[PDB]
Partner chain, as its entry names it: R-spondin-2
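The chain below stands alone, shown as structure tokens; this is the form solved without the partner chain.
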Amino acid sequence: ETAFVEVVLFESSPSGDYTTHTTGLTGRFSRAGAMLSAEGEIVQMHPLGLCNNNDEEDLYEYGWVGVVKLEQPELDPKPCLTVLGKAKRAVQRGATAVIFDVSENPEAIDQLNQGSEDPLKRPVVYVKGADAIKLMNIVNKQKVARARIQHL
């Protein structure tokens, strides 16, 4: 159930070319989703961005990997969707995978694994710890980055 995540970050050269930079992180496949690998360009999502008006413009170019840092649970107490619901909505919107940074809402792990009986066909990964920090520092400062999620 360990999720080996590779992030390919593109760093602007002074000539305005870009330089590939690869970083390694580790998370866990949630029992809520497939035990499969996935790869695609990272799109950061705010978690309250995964409540549905069901608009066409919400469908990102098929195959993106969504990165969602969960807020402290006493901040969005009337949440549109469960964390599990948010993962599904991400997949409906074209996500090949979702990574949850569960650092500020570690109870979210349990909330996901309760959906274990009807799992998503796509992987749902959670990160925390330094591994979440590394990913978020890439994502916050990274205009374009690509994630490769490898199972085993």
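Residues that one form lacks are left out of the comparison. Between two forms, the rigid core is the largest collection of C-alphas that superpose within 1.5 Å. Positions refer to the first chain, counted from 1.
**Student:** Which has higher Cα B-factors on average according to the PDB entry: 53-61 or 95-103?
**Tutor:** Per the deposited B-factors, the answer is 53-61.
**Student:** For the higher mean C-alpha B factor in the entry, choose 17-25 or 133-141.
**Tutor:** Mean C-alpha B-factor is greater for 17-25.
**Student:** Sort the modelled residues of this chain by their C-alpha B factor and say whether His46 lands in the lowest, middle or highest third.
**Tutor:** Top third by C-alpha B-factor.
**Student:** Report the third (lowest, middle or highest) to which the CA temperature factor of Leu152 belongs, ranking only the modelled residues of the same chain.
**Tutor:** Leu152: CA B-factor falls in the highest third of its chain.
**Student:** Please place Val124 in the lowest, middle or highest third of its chain by C-alpha B factor as given in the entry.
**Tutor:** Its C-alpha B-factor, which the entry lists for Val124, ranks in the lowest third among residues of this chain.
**Student:** What third of the chain, by the recorded C-alpha B-factor, contains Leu36?
**Tutor:** Middle third of the chain for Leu36's C-alpha B-factor.
**Student:** Quick check for you: using the entry's CA B-factors within this chain, is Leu70 in the lowest, middle or highest third?
**Tutor:** Middle third by C-alpha B-factor.
The following text describes the form deposited with the partner chain bound, which does not appear among the structures shown.
**Student:** Suppose contact means a heavy atom within 4.5 Å; in the bound PDB entry, does that hold for all of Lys69, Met136 and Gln142 with the partner chain?
**Tutor:** Yes, the whole trio is in contact, each within 4.5 Å by some heavy atom.
**Student:** If you check in the bound PDB entry, is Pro47 within 4.5 Å of the partner chain, heavy atoms only?
**Tutor:** It does: once the partner chain is placed as it appears in the bound PDB entry, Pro47 has a heavy atom within 4.5 Å of it.
**Student:** When the contact criterion is heavy atoms within 4.5 Å, does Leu84 count as touching the partner chain in the bound PDB entry?
**Tutor:** No, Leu84 is distant from the partner.
**Student:** With the partner left out of view, is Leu120 within 4.5 angstroms of the partner chain in the bound PDB entry by any non-hydrogen atom?
**Tutor:** Contact with the partner chain, no.
**Student:** Quick one: is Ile42 in contact with the partner chain in the bound PDB entry, heavy atoms, 4.5 Å cut-off?
**Tutor:** Result yes; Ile42 sits at the interface with the partner chain in the bound PDB entry.
**Student:** At a 4.5 angstroms cut-off on non-hydrogen atoms, which residues of 68-87 are near the partner chain in the bound PDB entry? List them in order.
**Tutor:** Sequence-ordered list: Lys69, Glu71, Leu75, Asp76, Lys78, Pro79, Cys80.
**Student:** Would you say whether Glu107 is displaced between this form and the one not shown, judging by a C-alpha shift of 2 Å or more on the superposed rigid core?
**Tutor:** It does not, since the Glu107 C-alpha is displaced less than 2 Å between this form and the one not shown after the core fit.
**Student:** At a 2 Å cut-off on C-alpha positions, does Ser15 qualify as shifted between this form and the one not shown after fitting the rigid core?
**Tutor:** Where the cores coincide, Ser15 still shows a C-alpha shift between this form and the one not shown that is 2 Å or more.
**Student:** By the 2 angstroms cut-off, has the C-alpha of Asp55 moved between this form and the one not shown once the rigid core is superposed?
**Tutor:** Yes, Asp55 moves 2 Å or more.
**Student:** A 3 angstroms or greater change in CA distance between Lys141 and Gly16 is reported in the bound PDB entry. Closer or farther than in this form?
**Tutor:** Compared with the form shown here, the C-alpha atoms of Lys141 and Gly16 sit farther apart in the bound PDB entry, by 3 Å or more.
**Student:** Looking in the bound PDB entry, are the Cα atoms of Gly16 and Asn137 closer together or farther apart than here, the change being 3 Å or more?
**Tutor:** It is farther: in the bound PDB entry, the C-alpha atoms of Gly16 and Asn137 lie at least 3 Å more apart than they do here.
**Student:** After the core superposition, state the residue ranges of at least 3 consecutive residues in which each CA shifts by 2 Å or more between this form and the one not shown.
**Tutor:** Shifted segments: 10-20, 52-59.
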